[PDB]
There are 2 protein chains.
Amino acid sequence: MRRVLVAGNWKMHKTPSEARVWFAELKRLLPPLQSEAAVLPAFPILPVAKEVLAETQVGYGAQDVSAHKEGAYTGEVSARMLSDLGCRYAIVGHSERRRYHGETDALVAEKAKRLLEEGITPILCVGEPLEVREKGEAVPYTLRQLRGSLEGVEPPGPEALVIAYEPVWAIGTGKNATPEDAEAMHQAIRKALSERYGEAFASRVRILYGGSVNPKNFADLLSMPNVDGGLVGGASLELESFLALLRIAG
Amino acid sequence: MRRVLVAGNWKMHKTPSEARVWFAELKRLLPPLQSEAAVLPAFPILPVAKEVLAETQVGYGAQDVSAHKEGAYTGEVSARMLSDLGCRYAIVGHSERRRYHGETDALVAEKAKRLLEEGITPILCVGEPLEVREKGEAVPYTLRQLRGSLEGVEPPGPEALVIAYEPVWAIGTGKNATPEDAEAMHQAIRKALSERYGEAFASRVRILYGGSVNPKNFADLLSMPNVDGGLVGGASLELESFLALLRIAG
Ligand code: NA
Ligand code: NA
């Protein structure tokens, strides 16, 4: 069975000083767990994440990364910077960046390649907008996004790639996809991965569900055969909530 | 007179571990100077900048910042995060972001506002492309960018705002604007600032020149009455080069 992954996307919240406290509390309170936990804070919080969590079972990663290895790209952060900090993951193609920053499938693929080269696992996000869902095109749209975002992306193994299905209409709206609909989409995604990398590879890739995941609905979502964890937004900000999610994962 | 400012924009280079060494060497080799020095590294390098440069005369800052205070903006860094780290500055509207990230004057204005609220000084970049310069419209174009980028931007005082004039054609091309052309542009910019904030304010605002600034041309650029320092790109990557620029500033 695929090991569960609970990744907390703090988005643009907290300061480095506030994060130090949060991480220290998590370290002291963290019980022994079989599943995998990871926190994905803003760029300037990564150093303290490394400092406080490096020796714990809790991993960490970035919320974005440059499509370039280095250069005249003011404001951008490179994969080499992230690997120097020991990031295990980095989100690429999050809905918010595809929407607010015009990130294309092609750009997301490049970012994924930069991460792979440095041994960082991309958490590649795909998901359809409400309009597409209502027209009954959720699966074709999401698969098209997945294939486009994986163009030229060839991970060393299934452990080096994570896919996160986050329907846009489920982000911060309180309206999560039902476990059944999530399961159906993950099945489609996994089949697409099998065609892309082979069955052995696809059967081992962790596919997380994201979009209003919380302590009240996580257990049922995680019970779905093809749902391997969650990309948690709002519910990862409060330590008690994050811990509750980790206990559910076990 | 206006205190000179030499700000090094490393763009996307180095790692936190490499920066720790660089900053520590700068700290040990830094001679007493009248002018102000600042280094602007990538986001994840800011914590070590704070650690090593805290007690020194060298300031530091970011290369970008979110237009929002906080929220669901995956990948973005807030002004509050930068304030927590003691950043004195943050670049906004760098030509690379206006081009590669489609940043508009309106967006840049919001970023500047976020910085002001947190007591961080924006280093607002404005500049024209080669064809505009050749058409003899460098000033009108640049002033329009300045005015749009300062919409709703009301600093507490002139010490809280820095303008950087960087001709797009002078970035990484090796061809810096002549001291005469830079002076002419800075005069136009300062006059615009006077109409916007009054003469007392405008006469105290530091207007830096950027675009292929190096040890060979910095002295003459700095000699111009309205050029108050430089936003240094490639020439700020090597410590010896940065130190040379600081010695020139005095
Ligand atoms: Na499951
Ligand atoms: Na001068």
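Look above for the structure.
Description of the structure in this document.

**Overview of the overall build of chain A**
Link 1 in the chain: Looking only at helices and strands, chain A features 11 helices and 8 strands.
Link 2 in the chain: Whereas a compact globule of 250 residues would reach a radius of gyration of roughly 18 Å, chain A reaches 17 Å, a difference of no more than 12%.
Link 3 in the chain: Considered along the principal axes of its C-alpha atoms, chain A spans approximately 45 × 45 × 35 Å.
Link 4 in the chain: Counting across all 250 residues of chain A, residues that qualify as buried make up 62%.
Link 5 in the chain: Taking as baseline every contact in chain A between residues at least 6 positions apart, the subset at least 24 positions apart corresponds to 72%.
Link 6 in the chain: Measuring between centres, the 29 positive side-chain charges of chain A sit 2 Å from its 32 negative side-chain charges.

**Structural notes on the interface of chain A and chain B**
Link 1 in the chain: Across the contact, 37 residues belong to chain A and 37 residues belong to chain B.
Link 2 in the chain: Of the roughly 3,200 Å² buried between chain A and chain B on both sides combined, carbon and sulfur atoms contribute 61%.
Link 3 in the chain: Taken as a group, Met12, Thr74 and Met81 of chain A account for 26% of the area that chain A buries against chain B, more than any other trio of residues on that side.
Link 4 in the chain: Counting the contacts that link chain A with chain B gives 2 salt bridges.

**Concerning the pairing of strand β2 (residues 36-40) of chain B**
Residue and element names in this part refer to chain B.
Link 1 in the chain: Summarising burial for β2: 5 of the 5 residues are buried, a large majority.
Link 2 in the chain: Sheet topology places strand β1 (residues 5-9) next to β2; 5 bridges connect them, and they run parallel. If you follow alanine 7 over to β2, its bridge partner there is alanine 38.
Link 3 in the chain: Handedness of the crossover joining β1 and β2 through helix α1 (residues 16-29): right-handed.
Link 4 in the chain: In this structure, β2 lies alongside strand β3 (residues 58-62), joined through 3 bridges in parallel fashion. Considered in β3, the bridge of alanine 38 is made with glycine 59.

**A look at the sheet that holds strand β4 (residues 89-92) of chain B**
Link 1 in the chain: The sheet built from 8 strands closes into a barrel, its strands ordered β1-β2-β3-β4-β5-β6-β7-β8 (chain B) with parallel pairing. Direction aside, neighbouring strands of the sheet carry axes that sit 25° apart on average.

**Some remarks on the pattern of salt bridges**
Link 1 in the chain: Under the criterion given, the structure shown has 42 salt bridges over all chains.
Link 2 in the chain: One salt bridge in this structure joins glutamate 154 of chain A and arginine 196 of chain A, with 2.8 Å as the shortest N-O distance. With a gap of 42 residues between them, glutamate 154 of chain A in the loop between α7 (138-149) and β6 (162-165) and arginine 196 of chain A in helix α8 (residues 179-197) connect regions that are remote in the sequence.
Link 3 in the chain: Classification of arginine 196 of chain A by relative accessible area gives partly exposed; the value is 30%.
Link 4 in the chain: Across the pair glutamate 51 of chain B and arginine 20 of chain B runs a salt bridge whose closest N-O atoms are separated by 2.9 Å. Taken together, the positions of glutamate 51 of chain B in helix α2 (residues 46-53) and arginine 20 of chain B in helix α1 put the pair 31 residues apart, joining distant regions of the chain.
Link 5 in the chain: A residue is classified by how much of its surface remains accessible, and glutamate 51 of chain B, at 52% relative accessible area, is exposed.
Link 6 in the chain: Within the structure, one salt-bridge network assembled from shared partners comprises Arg3, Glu36, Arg88 and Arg206 of chain A.

**What about the relation of the copies chain A and chain B?**
Link 1 in the chain: The operation relating chain A to chain B is a screw motion whose rotation component is 180°, with 0.1 Å of axial translation and a residual RMSD of 0.2 Å. Between the two chains, the operation in question is that of a two-fold axis. When C-alpha positions in chain A are compared against the rotation axis, the closest is assigned to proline 44 of chain A, at 2.3 Å.
Link 2 in the chain: In this assembly the copies share their binding face: 100% of the residues contributing to the interface of chain A also contribute to that of chain B.

**A closer look at the side chain of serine 35 of chain A**
Link 1 in the chain: Looking at the element boundaries, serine 35 of chain A is found in the loop between α1 (16-29) and β2 (36-40).
Link 2 in the chain: One polar contact links the side chain of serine 35 of chain A to the main-chain carbonyl oxygen of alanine 249 of chain A, over a distance of 3.0 Å.

**Quick look at the layout of surface pockets**
Link 1 in the chain: Looking at the largest pocket, its volume works out to about 600 Å³.
Link 2 in the chain: Lining the largest pocket are 33 residues, with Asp64, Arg97 and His101 of chain A together with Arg97 and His101 of chain B positioned closest to its centre.
Link 3 in the chain: Mapped onto the lining of the largest pocket, the elements with two or more residues apiece are α4 (95-100) and α5 (105-117) of chain A together with α4 (95-100) and α5 (105-117) of chain B.
Link 4 in the chain: Its residues assigned to classes, the lining of the largest pocket shows 13 nonpolar, 10 polar and 10 charged.
Link 5 in the chain: Its volume calculated, the second largest pocket comes out at about 420 Å³.

**Quick word on unusual backbone geometry**
Link 1 in the chain: With a phi close to 70°, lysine 14 of chain A is a non-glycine residue in the positive phi region.
Link 2 in the chain: In this structure, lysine 14 of chain A sits in the loop between β1 (5-9) and α1.
Link 3 in the chain: Residue classification places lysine 14 of chain A among the buried residues on the basis of a relative accessible area of 17%.
Link 4 in the chain: For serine 212 of chain B, which is not a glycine, the phi torsion comes out positive at approximately 65°.
Link 5 in the chain: By secondary structure assignment, the location of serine 212 of chain B is in the loop between β7 (206-210) and α10 (218-222).

**Quick look at the sheet that holds strand β8 (residues 229-232) of chain A**
Residues and elements named next belong to chain A.
Link 1 in the chain: Strand order in this closed barrel of 8 strands is β1-β2-β3-β4-β5-β6-β7-β8, and the pairing throughout is parallel. Between one strand axis and the next, the sheet turns through 25° on average, direction left out of account.
Link 2 in the chain: Sheet topology note: the strand β5 (residues 121-126)/β6 ladder contains 4 bridges and is parallel. Looking across to β6, one finds that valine 126 is bridged to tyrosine 165.

**Details of the environment of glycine 210 of chain B**
Residue and element names in this part refer to chain B.
Link 1 in the chain: With respect to the helices and strands, the residue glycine 210 is situated in strand β7.
Link 2 in the chain: With a relative accessible area of 0%, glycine 210 lands in the buried category.
Link 3 in the chain: On a C-alpha basis, the gap between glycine 210 and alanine 7 in space is 9.6 Å, while along the polypeptide they are 203 residues apart.
Link 4 in the chain: Residues in contact with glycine 210, not counting those within four places in the same chain, are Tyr165, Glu166, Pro167 and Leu231.

Cut-offs and rules
Residues numbered from 1 in each chain as written, not as in the entry; some residues may be left out. Chains lettered and ligands numbered in written order. Heavy atoms only, no water. Helix = DSSP H or I, 4+ residues; strand = E, 2+ residues; numbered from the N terminus. Rg over C-alpha atoms; globule rule 2.2 N^0.38 Å. Buried < 20%, exposed > 50% of the residue type's maximum accessible area, 1.4 Å probe, protein only. Contact = heavy atoms within 4.5 Å. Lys, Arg positive; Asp, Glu negative; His and termini not counted. Charge placed at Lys NZ, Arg CZ, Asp CG, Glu CD. Buried area = accessible area lost by both parts, 1.4 Å probe. Salt bridge = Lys/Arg side-chain N within 4 Å of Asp/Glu carboxyl O. Pairing = 2+ DSSP bridges. Right-handed = clockwise from strand over helix to strand, strands pointing away. Axes fitted to C-alpha atoms, helices over the stretch in contact; angles between N-to-C directions. Least-squares fit on C-alpha atoms. Polar contact = N/O pair within 3.5 Å; in protein donor to acceptor, adjacent residues only side chain to side chain. 1 Å grid on protein atoms, 1.4 Å probe; cavity = no way out; pocket = protein on both sides within 12 Å on 5 of 7 lines; lining within 4 Å. Points joined across faces, edges and corners; volume = space filled by probe spheres on them. Nonpolar A, V, L, I, M, F, W, Y, C, P; charged D, E, K, R; others polar.

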